[PDB]
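J.: Structure provided below as structure tokens; questions to follow.
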Amino acid sequence: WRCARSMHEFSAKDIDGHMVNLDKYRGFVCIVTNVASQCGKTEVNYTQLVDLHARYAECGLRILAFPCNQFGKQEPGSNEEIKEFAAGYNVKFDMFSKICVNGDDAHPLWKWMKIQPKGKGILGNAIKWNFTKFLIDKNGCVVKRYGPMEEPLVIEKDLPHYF
Ligand SMILES: *CC(=O)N1[C@@H](c2ccc(C(=O)OC)cc2)c2[nH]c3ccccc3c2C[C@@H]1C(=O)OC
């Protein structure tokens with residue numbers, strides 16, 4: 001994974017258990033984010049992500065949400081329960097099966113994103129908490145990273161430069 005050159009070289013199981021080849025996102029600007037149902041910022045992140053997708057899907061914005069239980073055990077539920085939880089926020093973007101984002105068992109896409117030049121956060125490579133966001137350009141390269149404290153709407157400053 002270390003020498004992969006694009007998010008499009010990876011695959012991941014979606015929240016229904018179906019393996020997805022991420023080269024389907026070639027030509028689309030993507031937000032990749034680790035999510036959780038029981039986080040103090042769950043509501044702000046889900047609602048603003050849904051708002052961004054509603055406003056920009058016509059522009060080519062796609063959103064990939066990876067549930068993760070590594071931060072305060074705040075995603076303890078099953079994939080089926082998390083799918084129903086996201087439905088409650090009217091999520092129409094792409095939900096994936098629960099993964100790890102840190103450590104040796106982290107999904108290889110996340111290992112790769114964290115070492116990209118724009119994938120290093122202001123506080124370093126490790127994912128620090130729920131709802132870190134990566135902006136991915138149409139070629140599958142990481143172009144921005146946003147921390148758990150940065151609400152999704154801050155990403156609006158960067159989107160028009162990559163569509
Ligand atoms: C995808 C897209 O259409 N973009 C531009 C845009 C045109 C018209 C509408 C609209 O009718 O609203 C419902 C919405 C978006 C666009 N314009 C624009 C101006 C300032 C900042 C961003 C911005 C966009 C996003 C998108 C685009 O072409 O960005 C390069």
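Every chain in the structure tokens takes a letter, A first, then B, and so on in the order presented; its residues are numbered from 1, and the ligands are numbered from 1 following the presented order.
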Neighbouring residues of ligand 1 are defined here as those with any atom at most 6 Å from a ligand atom, counting only C-alpha atoms and all ligand atoms; list them as a PyMOL selection string.
T.: chain A and resi 58-59+160+163
J.: Let's have the selection written as a compact mmCIF listing (two decimals), in the first residue's frame, with N, CA, C and O atoms.
T.:
```txt
# COMPACT_ATOMS: atom_id res chain seq x y z
N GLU A 58 -24.11 17.24 -7.62
CA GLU A 58 -24.22 17.61 -9.03
C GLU A 58 -22.90 18.11 -9.61
O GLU A 58 -22.74 18.14 -10.83
N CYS A 59 -21.98 18.53 -8.75
CA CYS A 59 -20.66 19.00 -9.14
C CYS A 59 -19.63 17.88 -9.21
O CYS A 59 -18.51 18.13 -9.66
N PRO A 160 -14.06 24.32 -4.43
CA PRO A 160 -14.08 24.87 -5.80
C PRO A 160 -12.74 24.81 -6.49
O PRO A 160 -12.69 24.96 -7.72
N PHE A 163 -13.00 20.72 -7.99
CA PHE A 163 -14.06 20.28 -8.90
C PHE A 163 -13.61 20.41 -10.36
O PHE A 163 -12.87 21.33 -10.72
```
J.: Restrict the calculation to only C-alpha atoms, then for each residue of stretch 17-91 of chain A with any atom at most 9 Å from an atom of stretch 112-133 of chain A give the closest atom pair and their distance in Å to one decimal, rows by chain and rising residue number, as a tab-separated table.
T.:
```
residue	atom	partner	partner_atom	distance
A:31	CA	A:133	CA	6.4
A:32	CA	A:133	CA	5.7
A:33	CA	A:133	CA	4.5
A:34	CA	A:131	CA	5.0
A:35	CA	A:131	CA	5.3
A:36	CA	A:130	CA	6.2
A:39	CA	A:130	CA	7.2
A:41	CA	A:131	CA	8.0
A:42	CA	A:131	CA	8.1
A:45	CA	A:131	CA	7.2
A:67	CA	A:130	CA	8.9
A:68	CA	A:130	CA	7.6
A:69	CA	A:130	CA	8.6
A:70	CA	A:129	CA	8.1
A:71	CA	A:129	CA	5.5
A:72	CA	A:129	CA	8.4
A:74	CA	A:130	CA	8.3
```
J.: Keeping only N, CA and C atoms, take the residues you just selected and write them out as an mmCIF file, in the first residue's frame.
T.:
```
data_model
loop_
_atom_site.group_PDB
_atom_site.id
_atom_site.type_symbol
_atom_site.label_atom_id
_atom_site.label_comp_id
_atom_site.auth_asym_id
_atom_site.auth_seq_id
_atom_site.Cartn_x
_atom_site.Cartn_y
_atom_site.Cartn_z
ATOM 1 N N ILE A 31 -14.810 13.348 -0.167
ATOM 2 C CA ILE A 31 -14.470 13.464 1.251
ATOM 3 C C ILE A 31 -14.478 12.057 1.840
ATOM 4 N N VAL A 32 -13.351 11.628 2.409
ATOM 5 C CA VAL A 32 -13.237 10.347 3.111
ATOM 6 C C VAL A 32 -13.130 10.650 4.596
ATOM 7 N N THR A 33 -14.015 10.059 5.401
ATOM 8 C CA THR A 33 -14.086 10.430 6.808
ATOM 9 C C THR A 33 -14.380 9.198 7.654
ATOM 10 N N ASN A 34 -13.827 9.177 8.868
ATOM 11 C CA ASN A 34 -14.117 8.120 9.831
ATOM 12 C C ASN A 34 -15.238 8.601 10.748
ATOM 13 N N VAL A 35 -16.297 7.801 10.875
ATOM 14 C CA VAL A 35 -17.502 8.253 11.562
ATOM 15 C C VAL A 35 -17.750 7.403 12.808
ATOM 16 N N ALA A 36 -18.659 7.893 13.647
ATOM 17 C CA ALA A 36 -19.059 7.245 14.887
ATOM 18 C C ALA A 36 -20.436 7.757 15.267
ATOM 19 N N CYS A 39 -20.549 10.013 19.366
ATOM 20 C CA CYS A 39 -19.543 11.046 19.548
ATOM 21 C C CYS A 39 -20.234 12.389 19.782
ATOM 22 N N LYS A 41 -19.617 15.104 18.545
ATOM 23 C CA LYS A 41 -19.733 15.825 17.289
ATOM 24 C C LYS A 41 -20.421 15.005 16.206
ATOM 25 N N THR A 42 -21.092 13.909 16.580
ATOM 26 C CA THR A 42 -21.811 13.088 15.606
ATOM 27 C C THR A 42 -22.856 13.902 14.849
ATOM 28 N N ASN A 45 -21.388 16.628 12.408
ATOM 29 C CA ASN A 45 -20.683 16.066 11.262
ATOM 30 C C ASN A 45 -21.647 15.407 10.285
ATOM 31 N N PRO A 67 -17.198 3.821 9.356
ATOM 32 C CA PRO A 67 -17.395 3.726 10.805
ATOM 33 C C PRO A 67 -16.153 3.150 11.465
ATOM 34 N N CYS A 68 -15.879 3.613 12.684
ATOM 35 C CA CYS A 68 -14.684 3.180 13.396
ATOM 36 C C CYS A 68 -14.917 3.297 14.892
ATOM 37 N N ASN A 69 -14.604 2.225 15.617
ATOM 38 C CA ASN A 69 -14.835 2.128 17.052
ATOM 39 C C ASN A 69 -13.566 2.357 17.876
ATOM 40 N N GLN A 70 -12.510 2.926 17.281
ATOM 41 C CA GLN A 70 -11.243 3.058 18.004
ATOM 42 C C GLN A 70 -11.160 4.280 18.905
ATOM 43 N N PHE A 71 -12.179 5.137 18.930
ATOM 44 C CA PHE A 71 -12.093 6.423 19.622
ATOM 45 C C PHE A 71 -13.194 6.516 20.676
ATOM 46 N N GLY A 72 -12.846 6.153 21.911
ATOM 47 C CA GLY A 72 -13.815 6.161 22.988
ATOM 48 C C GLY A 72 -14.866 5.083 22.899
ATOM 49 N N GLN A 74 -16.927 4.579 20.494
ATOM 50 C CA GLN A 74 -18.107 5.358 20.148
ATOM 51 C C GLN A 74 -18.764 4.904 18.851
#
```
J.: Tell me which protein, DNA and RNA residues are within 12 Å of residue A:154, counting only C-alpha atoms, leaving out same-chain ones fewer than 5 positions away, and put them as a list in words.
T.: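 The residues that qualify are residues 45, 48, 49, 52, 133, 135, 144, 145, 146, 147, 148, 149 and 159 of chain A.
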J.: May I have the residues from that selection written out with N, CA, C and O atoms, as a PDB file, in the first residue's frame?
T.:
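Output file selection.pdb follows:
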```pdb
ATOM      1  N   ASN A  45     -21.388  16.628  12.408  1.00  0.00           N
ATOM      2  CA  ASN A  45     -20.683  16.066  11.262  1.00  0.00           C
ATOM      3  C   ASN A  45     -21.647  15.407  10.285  1.00  0.00           C
ATOM      4  O   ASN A  45     -21.570  15.654   9.080  1.00  0.00           O
ATOM      5  N   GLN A  48     -23.856  18.221   8.478  1.00  0.00           N
ATOM      6  CA  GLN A  48     -23.141  19.044   7.504  1.00  0.00           C
ATOM      7  C   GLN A  48     -22.638  18.219   6.327  1.00  0.00           C
ATOM      8  O   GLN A  48     -22.579  18.729   5.203  1.00  0.00           O
ATOM      9  N   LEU A  49     -22.273  16.955   6.550  1.00  0.00           N
ATOM     10  CA  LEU A  49     -21.883  16.113   5.422  1.00  0.00           C
ATOM     11  C   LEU A  49     -23.059  15.894   4.478  1.00  0.00           C
ATOM     12  O   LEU A  49     -22.890  15.922   3.256  1.00  0.00           O
ATOM     13  N   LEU A  52     -23.487  19.117   2.526  1.00  0.00           N
ATOM     14  CA  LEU A  52     -22.490  19.239   1.464  1.00  0.00           C
ATOM     15  C   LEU A  52     -22.827  18.345   0.276  1.00  0.00           C
ATOM     16  O   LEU A  52     -22.731  18.768  -0.887  1.00  0.00           O
ATOM     17  N   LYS A 133     -11.316  14.184   8.422  1.00  0.00           N
ATOM     18  CA  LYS A 133     -11.739  14.224   7.023  1.00  0.00           C
ATOM     19  C   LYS A 133     -10.542  14.383   6.097  1.00  0.00           C
ATOM     20  O   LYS A 133      -9.645  15.194   6.360  1.00  0.00           O
ATOM     21  N   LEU A 135      -9.747  15.270   1.999  1.00  0.00           N
ATOM     22  CA  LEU A 135     -10.246  15.657   0.680  1.00  0.00           C
ATOM     23  C   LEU A 135      -9.390  14.986  -0.392  1.00  0.00           C
ATOM     24  O   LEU A 135      -8.159  15.060  -0.346  1.00  0.00           O
ATOM     25  N   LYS A 144      -6.117  17.562   0.965  1.00  0.00           N
ATOM     26  CA  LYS A 144      -6.350  18.285   2.214  1.00  0.00           C
ATOM     27  C   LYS A 144      -6.717  17.286   3.301  1.00  0.00           C
ATOM     28  O   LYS A 144      -7.253  16.214   3.013  1.00  0.00           O
ATOM     29  N   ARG A 145      -6.444  17.659   4.554  1.00  0.00           N
ATOM     30  CA  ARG A 145      -6.896  16.906   5.717  1.00  0.00           C
ATOM     31  C   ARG A 145      -7.466  17.881   6.739  1.00  0.00           C
ATOM     32  O   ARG A 145      -6.944  18.992   6.909  1.00  0.00           O
ATOM     33  N   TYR A 146      -8.540  17.464   7.413  1.00  0.00           N
ATOM     34  CA  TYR A 146      -9.227  18.287   8.404  1.00  0.00           C
ATOM     35  C   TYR A 146      -9.465  17.465   9.664  1.00  0.00           C
ATOM     36  O   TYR A 146      -9.892  16.313   9.587  1.00  0.00           O
ATOM     37  N   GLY A 147      -9.208  18.073  10.825  1.00  0.00           N
ATOM     38  CA  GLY A 147      -9.241  17.356  12.081  1.00  0.00           C
ATOM     39  C   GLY A 147     -10.635  17.206  12.663  1.00  0.00           C
ATOM     40  O   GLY A 147     -11.635  17.767  12.175  1.00  0.00           O
ATOM     41  N   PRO A 148     -10.703  16.443  13.761  1.00  0.00           N
ATOM     42  CA  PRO A 148     -11.985  16.214  14.455  1.00  0.00           C
ATOM     43  C   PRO A 148     -12.682  17.470  14.931  1.00  0.00           C
ATOM     44  O   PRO A 148     -13.907  17.447  15.120  1.00  0.00           O
ATOM     45  N   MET A 149     -11.951  18.552  15.167  1.00  0.00           N
ATOM     46  CA  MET A 149     -12.571  19.790  15.616  1.00  0.00           C
ATOM     47  C   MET A 149     -13.068  20.659  14.473  1.00  0.00           C
ATOM     48  O   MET A 149     -13.727  21.673  14.729  1.00  0.00           O
ATOM     49  N   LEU A 159     -13.211  23.081  -1.824  1.00  0.00           N
ATOM     50  CA  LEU A 159     -13.920  22.365  -2.888  1.00  0.00           C
ATOM     51  C   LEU A 159     -13.830  23.016  -4.265  1.00  0.00           C
ATOM     52  O   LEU A 159     -13.557  22.299  -5.239  1.00  0.00           O
TER      53      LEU A 159
END
```
J.: Apply DSSP to the backbone of this structure and, from chain A, keep only the residues in helix (DSSP H, G or I); write these as an NGL selection string.
T.: :A and (7-9 or 22-25 or 42-59 or 79-87 or 108-115 or 117-119 or 152-157 or 159-161)
J.: Quick one: pull the distance between atom CA of residue A:81 and atom CA of residue A:22, Å, one decimal.
T.: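 If I compute the distance from atom CA of residue A:81 to atom CA of residue A:22, I get 23.7 Å.
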J.: What's around residue A:14 at 7 Å? Count only C-alpha atoms, leave out sequence neighbours fewer than 4 positions away in its own chain, and write the answer as a list in words.
T.: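 Close residues of residue A:14: residues 18, 19, 20, 95, 96 and 97 of chain A.
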J.: Running DSSP on the backbone, which parts of chain A land in strand (DSSP E or B), as a ChimeraX atom specification?
T.: /A:11-14,19-21,29-35,61-67,94-96,121,124,133-136,142-146
J.: Taking only C-alpha atoms into account, which of A:109, A:57, A:29, A:86 comes nearest residue A:7?
T.: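 Among the listed residues, A:109 lies closest to residue A:7.
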J.: Would you please work out which residue, of A:152, A:82, A:4, A:138, is nearest to residue A:16 when using only C-alpha atoms?
T.: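 Among the listed residues, A:82 lies closest to residue A:16.
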J.: Could you tell me which of A:158, A:21, A:66, A:153 comes closest to residue A:106 if we count only C-alpha atoms?
T.: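 Going through A:158, A:21, A:66, A:153 one by one, the smallest distance to residue A:106 is for A:66.
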J.: Can you pull out every residue within 9 Å of residue A:91, counting only C-alpha atoms, but drop anything in the same chain fewer than 6 positions away, and send it as a PyMOL selection string?
T.: chain A and resi 46-47+49-50+53
J.: What would the file look like if the residues just selected were written as a CSV table (one decimal), in the first residue's frame with C-alpha atoms?
T.:
```
chain,number,residue,atom,x,y,z
A,46,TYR,CA,-23.5,13.9,9.8
A,47,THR,CA,-25.8,16.9,9.2
A,49,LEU,CA,-21.9,16.1,5.4
A,50,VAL,CA,-25.5,15.5,4.2
A,53,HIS,CA,-23.6,16.2,-0.5
```
J.: For residue A:156, which residue out of A:51, A:90, A:102, A:110 is the nearest one, using only C-alpha atoms?
T.: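 Nearest to residue A:156: A:51.
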J.: Using only C-alpha atoms, which of A:77, A:40, A:30, A:111 sits nearest residue A:134?
T.: A:30
